[PDB]
>>> print(open('run09.cif').read())   # mmCIF, N, CA and C atoms
data_work
loop_
_atom_site.group_PDB
_atom_site.id
_atom_site.type_symbol
_atom_site.label_atom_id
_atom_site.label_comp_id
_atom_site.auth_asym_id
_atom_site.auth_seq_id
_atom_site.Cartn_x
_atom_site.Cartn_y
_atom_site.Cartn_z
ATOM 1 N N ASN N 1 -46.189 -17.136 1.997
ATOM 2 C CA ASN N 1 -46.674 -15.831 2.440
ATOM 3 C C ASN N 1 -45.532 -14.940 2.917
ATOM 4 N N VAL N 2 -44.546 -15.525 3.603
ATOM 5 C CA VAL N 2 -43.403 -14.764 4.098
ATOM 6 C C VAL N 2 -42.601 -14.190 2.936
ATOM 7 N N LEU N 3 -42.334 -15.013 1.919
ATOM 8 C CA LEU N 3 -41.618 -14.519 0.748
ATOM 9 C C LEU N 3 -42.415 -13.439 0.030
ATOM 10 N N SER N 4 -43.735 -13.621 -0.080
ATOM 11 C CA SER N 4 -44.569 -12.615 -0.732
ATOM 12 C C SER N 4 -44.496 -11.281 0.000
ATOM 13 N N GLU N 5 -44.610 -11.311 1.331
ATOM 14 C CA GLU N 5 -44.600 -10.064 2.089
ATOM 15 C C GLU N 5 -43.214 -9.430 2.108
ATOM 16 N N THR N 6 -42.152 -10.243 2.137
ATOM 17 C CA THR N 6 -40.801 -9.699 2.085
ATOM 18 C C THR N 6 -40.527 -9.021 0.747
ATOM 19 N N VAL N 7 -40.955 -9.635 -0.357
ATOM 20 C CA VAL N 7 -40.785 -8.994 -1.657
ATOM 21 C C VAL N 7 -41.645 -7.738 -1.757
ATOM 22 N N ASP N 8 -42.842 -7.758 -1.162
ATOM 23 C CA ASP N 8 -43.684 -6.564 -1.167
ATOM 24 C C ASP N 8 -43.033 -5.418 -0.402
ATOM 25 N N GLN N 9 -42.428 -5.717 0.748
ATOM 26 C CA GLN N 9 -41.847 -4.670 1.583
ATOM 27 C C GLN N 9 -40.596 -4.070 0.947
ATOM 28 N N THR N 10 -39.673 -4.918 0.492
ATOM 29 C CA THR N 10 -38.348 -4.482 0.072
ATOM 30 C C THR N 10 -38.235 -4.283 -1.435
ATOM 31 N N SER N 11 -39.353 -4.101 -2.129
ATOM 32 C CA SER N 11 -39.309 -3.820 -3.560
ATOM 33 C C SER N 11 -39.003 -2.355 -3.883
ATOM 34 N N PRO N 12 -39.673 -1.359 -3.279
ATOM 35 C CA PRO N 12 -39.383 0.035 -3.669
ATOM 36 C C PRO N 12 -37.970 0.487 -3.349
ATOM 37 N N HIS N 13 -37.262 -0.209 -2.460
ATOM 38 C CA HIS N 13 -35.897 0.135 -2.095
ATOM 39 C C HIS N 13 -34.867 -0.732 -2.807
ATOM 40 N N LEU N 14 -35.230 -1.328 -3.941
ATOM 41 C CA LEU N 14 -34.367 -2.283 -4.623
ATOM 42 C C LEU N 14 -33.655 -1.698 -5.833
ATOM 43 N N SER N 15 -34.366 -0.942 -6.674
ATOM 44 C CA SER N 15 -33.768 -0.435 -7.907
ATOM 45 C C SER N 15 -32.600 0.501 -7.620
ATOM 46 N N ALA N 16 -32.724 1.338 -6.587
ATOM 47 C CA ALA N 16 -31.625 2.226 -6.221
ATOM 48 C C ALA N 16 -30.400 1.432 -5.787
ATOM 49 N N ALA N 17 -30.606 0.391 -4.974
ATOM 50 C CA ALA N 17 -29.493 -0.451 -4.551
ATOM 51 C C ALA N 17 -28.863 -1.165 -5.736
ATOM 52 N N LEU N 18 -29.690 -1.666 -6.658
ATOM 53 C CA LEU N 18 -29.162 -2.335 -7.842
ATOM 54 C C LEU N 18 -28.322 -1.384 -8.682
ATOM 55 N N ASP N 19 -28.810 -0.161 -8.901
ATOM 56 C CA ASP N 19 -28.061 0.803 -9.701
ATOM 57 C C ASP N 19 -26.754 1.192 -9.019
ATOM 58 N N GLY N 20 -26.793 1.433 -7.707
ATOM 59 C CA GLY N 20 -25.576 1.802 -7.001
ATOM 60 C C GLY N 20 -24.541 0.695 -7.001
ATOM 61 N N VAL N 21 -24.972 -0.539 -6.729
ATOM 62 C CA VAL N 21 -24.044 -1.665 -6.730
ATOM 63 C C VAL N 21 -23.506 -1.908 -8.132
ATOM 64 N N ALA N 22 -24.348 -1.742 -9.155
ATOM 65 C CA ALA N 22 -23.892 -1.911 -10.529
ATOM 66 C C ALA N 22 -22.815 -0.896 -10.880
ATOM 67 N N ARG N 23 -23.025 0.370 -10.510
ATOM 68 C CA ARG N 23 -22.041 1.401 -10.831
ATOM 69 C C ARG N 23 -20.737 1.185 -10.069
ATOM 70 N N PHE N 24 -20.825 0.904 -8.766
ATOM 71 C CA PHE N 24 -19.604 0.703 -7.993
ATOM 72 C C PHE N 24 -18.862 -0.555 -8.429
ATOM 73 N N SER N 25 -19.587 -1.597 -8.841
ATOM 74 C CA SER N 25 -18.933 -2.814 -9.304
ATOM 75 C C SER N 25 -18.306 -2.619 -10.677
ATOM 76 N N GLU N 26 -18.952 -1.843 -11.553
ATOM 77 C CA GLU N 26 -18.356 -1.531 -12.846
ATOM 78 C C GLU N 26 -17.161 -0.600 -12.720
ATOM 79 N N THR N 27 -17.067 0.154 -11.623
ATOM 80 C CA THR N 27 -15.878 0.971 -11.394
ATOM 81 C C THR N 27 -14.619 0.108 -11.314
ATOM 82 N N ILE N 28 -14.707 -1.041 -10.647
ATOM 83 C CA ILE N 28 -13.558 -1.934 -10.521
ATOM 84 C C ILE N 28 -13.506 -2.969 -11.650
ATOM 85 N N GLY N 29 -14.663 -3.421 -12.139
ATOM 86 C CA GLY N 29 -14.720 -4.488 -13.124
ATOM 87 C C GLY N 29 -14.156 -4.129 -14.481
ATOM 88 N N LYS N 30 -14.113 -2.846 -14.823
ATOM 89 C CA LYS N 30 -13.461 -2.411 -16.049
ATOM 90 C C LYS N 30 -11.991 -2.079 -15.827
ATOM 91 N N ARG N 31 -11.429 -2.489 -14.691
ATOM 92 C CA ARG N 31 -10.018 -2.310 -14.371
ATOM 93 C C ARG N 31 -9.459 -3.581 -13.747
ATOM 94 N N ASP N 32 -9.821 -4.738 -14.308
ATOM 95 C CA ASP N 32 -9.448 -6.017 -13.707
ATOM 96 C C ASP N 32 -7.939 -6.236 -13.742
ATOM 97 N N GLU N 33 -7.327 -6.056 -14.915
ATOM 98 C CA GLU N 33 -5.889 -6.267 -15.045
ATOM 99 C C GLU N 33 -5.114 -5.279 -14.184
ATOM 100 N N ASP N 34 -5.552 -4.017 -14.163
ATOM 101 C CA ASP N 34 -4.889 -3.013 -13.340
ATOM 102 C C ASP N 34 -4.966 -3.378 -11.864
ATOM 103 N N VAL N 35 -6.135 -3.833 -11.405
ATOM 104 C CA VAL N 35 -6.295 -4.212 -10.003
ATOM 105 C C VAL N 35 -5.409 -5.404 -9.661
ATOM 106 N N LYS N 36 -5.360 -6.409 -10.541
ATOM 107 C CA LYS N 36 -4.548 -7.590 -10.253
ATOM 108 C C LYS N 36 -3.058 -7.260 -10.243
ATOM 109 N N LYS N 37 -2.604 -6.434 -11.190
ATOM 110 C CA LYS N 37 -1.208 -6.010 -11.196
ATOM 111 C C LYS N 37 -0.887 -5.181 -9.959
ATOM 112 N N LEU N 38 -1.818 -4.311 -9.558
ATOM 113 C CA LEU N 38 -1.650 -3.527 -8.342
ATOM 114 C C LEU N 38 -1.524 -4.422 -7.121
ATOM 115 N N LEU N 39 -2.351 -5.464 -7.039
ATOM 116 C CA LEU N 39 -2.266 -6.389 -5.915
ATOM 117 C C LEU N 39 -0.945 -7.151 -5.914
ATOM 118 N N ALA N 40 -0.450 -7.544 -7.091
ATOM 119 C CA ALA N 40 0.834 -8.244 -7.150
ATOM 120 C C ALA N 40 1.984 -7.345 -6.699
ATOM 121 N N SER N 41 2.032 -6.120 -7.228
ATOM 122 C CA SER N 41 3.077 -5.180 -6.835
ATOM 123 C C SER N 41 2.985 -4.845 -5.351
ATOM 124 N N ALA N 42 1.762 -4.651 -4.849
ATOM 125 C CA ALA N 42 1.564 -4.394 -3.431
ATOM 126 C C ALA N 42 2.024 -5.576 -2.595
ATOM 127 N N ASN N 43 1.796 -6.800 -3.077
ATOM 128 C CA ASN N 43 2.278 -7.977 -2.364
ATOM 129 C C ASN N 43 3.793 -7.949 -2.246
ATOM 130 N N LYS N 44 4.479 -7.638 -3.347
ATOM 131 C CA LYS N 44 5.941 -7.588 -3.302
ATOM 132 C C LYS N 44 6.428 -6.523 -2.320
ATOM 133 N N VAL N 45 5.920 -5.296 -2.464
ATOM 134 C CA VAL N 45 6.394 -4.185 -1.639
ATOM 135 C C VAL N 45 6.055 -4.418 -0.171
ATOM 136 N N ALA N 46 4.832 -4.874 0.111
ATOM 137 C CA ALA N 46 4.410 -5.092 1.486
ATOM 138 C C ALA N 46 5.146 -6.256 2.127
ATOM 139 N N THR N 47 5.484 -7.297 1.358
ATOM 140 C CA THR N 47 6.317 -8.361 1.904
ATOM 141 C C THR N 47 7.692 -7.832 2.281
ATOM 142 N N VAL N 48 8.264 -6.970 1.432
ATOM 143 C CA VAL N 48 9.546 -6.353 1.767
ATOM 144 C C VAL N 48 9.430 -5.536 3.050
ATOM 145 N N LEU N 49 8.362 -4.744 3.172
ATOM 146 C CA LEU N 49 8.180 -3.912 4.361
ATOM 147 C C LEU N 49 7.984 -4.756 5.615
ATOM 148 N N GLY N 50 7.150 -5.794 5.529
ATOM 149 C CA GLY N 50 6.849 -6.603 6.696
ATOM 150 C C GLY N 50 8.028 -7.424 7.177
ATOM 151 N N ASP N 51 8.819 -7.966 6.244
ATOM 152 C CA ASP N 51 9.977 -8.761 6.645
ATOM 153 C C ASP N 51 10.985 -7.934 7.434
ATOM 154 N N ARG N 52 11.108 -6.645 7.116
ATOM 155 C CA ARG N 52 12.070 -5.756 7.753
ATOM 156 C C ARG N 52 11.419 -4.807 8.754
ATOM 157 N N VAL Z 1 -6.175 6.846 -8.922
ATOM 158 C CA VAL Z 1 -5.464 6.254 -7.791
ATOM 159 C C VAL Z 1 -4.829 4.935 -8.202
ATOM 160 N N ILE Z 2 -5.600 4.085 -8.886
ATOM 161 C CA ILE Z 2 -5.083 2.789 -9.313
ATOM 162 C C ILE Z 2 -3.916 2.972 -10.274
ATOM 163 N N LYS Z 3 -4.059 3.883 -11.240
ATOM 164 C CA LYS Z 3 -3.011 4.105 -12.233
ATOM 165 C C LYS Z 3 -1.716 4.591 -11.588
ATOM 166 N N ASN Z 4 -1.799 5.646 -10.772
ATOM 167 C CA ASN Z 4 -0.590 6.215 -10.189
ATOM 168 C C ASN Z 4 0.028 5.302 -9.139
ATOM 169 N N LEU Z 5 -0.794 4.580 -8.372
ATOM 170 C CA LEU Z 5 -0.239 3.600 -7.450
ATOM 171 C C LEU Z 5 0.423 2.455 -8.201
ATOM 172 N N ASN Z 6 -0.122 2.065 -9.358
ATOM 173 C CA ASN Z 6 0.536 1.069 -10.195
ATOM 174 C C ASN Z 6 1.907 1.554 -10.634
ATOM 175 N N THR Z 7 1.982 2.808 -11.087
ATOM 176 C CA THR Z 7 3.257 3.375 -11.520
ATOM 177 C C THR Z 7 4.279 3.362 -10.385
ATOM 178 N N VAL Z 8 3.894 3.898 -9.224
ATOM 179 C CA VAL Z 8 4.816 3.979 -8.092
ATOM 180 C C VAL Z 8 5.234 2.586 -7.638
ATOM 181 N N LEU Z 9 4.288 1.646 -7.612
ATOM 182 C CA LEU Z 9 4.589 0.309 -7.120
ATOM 183 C C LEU Z 9 5.505 -0.445 -8.074
ATOM 184 N N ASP Z 10 5.299 -0.313 -9.390
ATOM 185 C CA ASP Z 10 6.209 -0.990 -10.308
ATOM 186 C C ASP Z 10 7.593 -0.360 -10.272
ATOM 187 N N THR Z 11 7.671 0.964 -10.086
ATOM 188 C CA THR Z 11 8.973 1.596 -9.906
ATOM 189 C C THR Z 11 9.678 1.054 -8.666
ATOM 190 N N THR Z 12 8.939 0.875 -7.570
ATOM 191 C CA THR Z 12 9.537 0.326 -6.355
ATOM 192 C C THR Z 12 9.958 -1.130 -6.542
ATOM 193 N N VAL Z 13 9.145 -1.917 -7.252
ATOM 194 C CA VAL Z 13 9.454 -3.328 -7.476
ATOM 195 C C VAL Z 13 10.685 -3.479 -8.363
ATOM 196 N N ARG Z 14 10.853 -2.577 -9.334
ATOM 197 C CA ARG Z 14 12.017 -2.636 -10.215
ATOM 198 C C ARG Z 14 13.321 -2.582 -9.425
ATOM 199 N N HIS Z 15 13.350 -1.809 -8.342
ATOM 200 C CA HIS Z 15 14.507 -1.713 -7.459
ATOM 201 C C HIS Z 15 14.271 -2.422 -6.127
ATOM 202 N N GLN Z 16 13.546 -3.546 -6.157
ATOM 203 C CA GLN Z 16 13.090 -4.177 -4.920
ATOM 204 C C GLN Z 16 14.254 -4.660 -4.061
ATOM 205 N N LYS Z 17 15.276 -5.256 -4.681
ATOM 206 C CA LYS Z 17 16.404 -5.763 -3.904
ATOM 207 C C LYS Z 17 17.153 -4.629 -3.213
ATOM 208 N N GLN Z 18 17.374 -3.522 -3.925
ATOM 209 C CA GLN Z 18 18.009 -2.362 -3.308
ATOM 210 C C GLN Z 18 17.120 -1.765 -2.226
ATOM 211 N N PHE Z 19 15.808 -1.724 -2.471
ATOM 212 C CA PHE Z 19 14.872 -1.183 -1.490
ATOM 213 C C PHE Z 19 14.853 -2.015 -0.214
ATOM 214 N N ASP Z 20 15.047 -3.328 -0.329
ATOM 215 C CA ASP Z 20 15.140 -4.172 0.857
ATOM 216 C C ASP Z 20 16.493 -4.039 1.546
ATOM 217 N N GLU Z 21 17.571 -3.887 0.774
ATOM 218 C CA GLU Z 21 18.893 -3.748 1.381
ATOM 219 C C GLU Z 21 19.044 -2.420 2.116
ATOM 220 N N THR Z 22 18.462 -1.343 1.575
ATOM 221 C CA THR Z 22 18.689 -0.022 2.150
ATOM 222 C C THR Z 22 18.050 0.121 3.524
ATOM 223 N N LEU Z 23 16.914 -0.536 3.768
ATOM 224 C CA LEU Z 23 16.291 -0.461 5.088
ATOM 225 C C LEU Z 23 17.199 -1.062 6.154
ATOM 226 N N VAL Z 24 17.753 -2.247 5.883
ATOM 227 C CA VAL Z 24 18.647 -2.891 6.842
ATOM 228 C C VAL Z 24 19.932 -2.085 7.006
ATOM 229 N N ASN Z 25 20.485 -1.577 5.900
ATOM 230 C CA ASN Z 25 21.711 -0.788 5.994
ATOM 231 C C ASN Z 25 21.487 0.488 6.795
ATOM 232 N N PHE Z 26 20.363 1.166 6.553
ATOM 233 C CA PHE Z 26 20.031 2.374 7.294
ATOM 234 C C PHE Z 26 19.829 2.069 8.770
ATOM 235 N N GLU Z 27 19.157 0.957 9.081
ATOM 236 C CA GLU Z 27 18.972 0.575 10.477
ATOM 237 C C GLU Z 27 20.309 0.324 11.160
ATOM 238 N N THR Z 28 21.221 -0.380 10.484
ATOM 239 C CA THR Z 28 22.528 -0.647 11.077
ATOM 240 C C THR Z 28 23.311 0.643 11.286
ATOM 241 N N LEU Z 29 23.285 1.540 10.297
ATOM 242 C CA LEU Z 29 23.987 2.815 10.414
ATOM 243 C C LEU Z 29 23.435 3.639 11.570
ATOM 244 N N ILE Z 30 22.107 3.725 11.668
ATOM 245 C CA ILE Z 30 21.480 4.546 12.696
ATOM 246 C C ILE Z 30 21.720 3.951 14.079
ATOM 247 N N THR Z 31 21.674 2.623 14.203
ATOM 248 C CA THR Z 31 21.966 1.997 15.489
ATOM 249 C C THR Z 31 23.418 2.227 15.896
ATOM 250 N N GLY Z 32 24.348 2.102 14.945
ATOM 251 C CA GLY Z 32 25.746 2.348 15.255
ATOM 252 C C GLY Z 32 26.004 3.784 15.665
ATOM 253 N N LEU Z 33 25.291 4.728 15.047
ATOM 254 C CA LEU Z 33 25.432 6.126 15.442
ATOM 255 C C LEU Z 33 24.774 6.393 16.791
ATOM 256 N N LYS Z 34 23.630 5.759 17.058
ATOM 257 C CA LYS Z 34 22.936 5.967 18.324
ATOM 258 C C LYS Z 34 23.730 5.405 19.495
ATOM 259 N N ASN Z 35 24.470 4.315 19.278
ATOM 260 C CA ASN Z 35 25.282 3.754 20.354
ATOM 261 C C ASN Z 35 26.380 4.705 20.819
ATOM 262 N N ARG Z 36 26.705 5.733 20.026
ATOM 263 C CA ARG Z 36 27.709 6.725 20.395
ATOM 264 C C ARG Z 36 27.203 8.147 20.170
ATOM 265 N N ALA Z 37 25.880 8.333 20.147
ATOM 266 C CA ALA Z 37 25.280 9.650 19.935
ATOM 267 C C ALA Z 37 25.836 10.716 20.872
ATOM 268 N N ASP Z 38 25.998 10.392 22.156
ATOM 269 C CA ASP Z 38 26.472 11.400 23.104
ATOM 270 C C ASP Z 38 27.876 11.898 22.768
ATOM 271 N N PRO Z 39 28.885 11.041 22.525
ATOM 272 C CA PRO Z 39 30.162 11.582 22.027
ATOM 273 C C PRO Z 39 30.039 12.311 20.701
ATOM 274 N N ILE Z 40 29.160 11.857 19.800
ATOM 275 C CA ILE Z 40 28.992 12.533 18.513
ATOM 276 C C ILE Z 40 28.504 13.963 18.719
ATOM 277 N N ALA Z 41 27.453 14.130 19.526
ATOM 278 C CA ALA Z 41 26.908 15.462 19.773
ATOM 279 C C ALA Z 41 27.903 16.336 20.522
ATOM 280 N N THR Z 42 28.584 15.764 21.519
ATOM 281 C CA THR Z 42 29.598 16.512 22.255
ATOM 282 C C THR Z 42 30.697 16.996 21.320
ATOM 283 N N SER Z 43 31.138 16.131 20.406
ATOM 284 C CA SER Z 43 32.205 16.486 19.481
ATOM 285 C C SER Z 43 31.758 17.548 18.485
ATOM 286 N N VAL Z 44 30.523 17.459 17.986
ATOM 287 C CA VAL Z 44 30.032 18.491 17.071
ATOM 288 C C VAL Z 44 29.958 19.840 17.781
ATOM 289 N N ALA Z 45 29.473 19.842 19.026
ATOM 290 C CA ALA Z 45 29.420 21.083 19.792
ATOM 291 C C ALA Z 45 30.814 21.653 20.020
ATOM 292 N N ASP Z 46 31.780 20.791 20.355
ATOM 293 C CA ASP Z 46 33.148 21.255 20.564
ATOM 294 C C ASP Z 46 33.751 21.809 19.278
ATOM 295 N N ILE Z 47 33.454 21.177 18.140
ATOM 296 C CA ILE Z 47 33.935 21.676 16.852
ATOM 297 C C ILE Z 47 33.398 23.077 16.598
ATOM 298 N N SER Z 48 32.097 23.273 16.831
ATOM 299 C CA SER Z 48 31.509 24.593 16.626
ATOM 300 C C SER Z 48 32.124 25.624 17.567
ATOM 301 N N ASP Z 49 32.325 25.250 18.834
ATOM 302 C CA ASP Z 49 32.906 26.176 19.802
ATOM 303 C C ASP Z 49 34.329 26.565 19.419
#
>>> encode(input="run09.cif", output="structure tokens")
Amino acid sequence: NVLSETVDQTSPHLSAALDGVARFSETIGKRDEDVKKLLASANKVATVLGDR
Amino acid sequence: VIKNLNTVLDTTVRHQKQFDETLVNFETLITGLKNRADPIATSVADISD
């Protein structure tokens, strides 16, 4: 009964969240190599900055 | 943002050893000048006068 009522309550507010999360996740997911290279370069530069 | 930060970061990484050396060299130069800043400023003022 708890699962039934929870799904009943939070259903109309679900499709918007799914669409928003899908769009924001696809913003980064179609740039995987760029993000990983950016993180590697940032690691190098930030290690240089932090050590000094 | 990702593209241009990638460009800037790879440019910085290409010269990473120089970029690390210049911070320490600049710090040493600035500390050496600060240890005698008062004579330096006095001398520049006297030169102008």
>>> interface_residues(input="run09.cif", of="chain Z", to="chain N", cutoff="6 Å", atoms="all atoms listed in the file", output="number ranges by chain")
Z: 6, 9-10
>>> atom_distance(input="run09.cif", atom1="CA of residue 5 in chain Z", atom2="atom N of residue 19 in chain N")
28.9 Å
>>> atom_distance(input="run09.cif", atom1="atom N of residue 36 in chain Z", atom2="atom C of residue 19 in chain Z")
24.7 Å
>>> atom_distance(input="run09.cif", atom1="atom N of residue 36 in chain N", atom2="CA of residue 2 in chain Z")
9.3 Å
>>> select_by_dssp(input="run09.cif", residues="range 4-48 of chain N", states="helix (DSSP H, G or I)", output="number ranges by chain")
N: 4-9, 15-29, 32-48
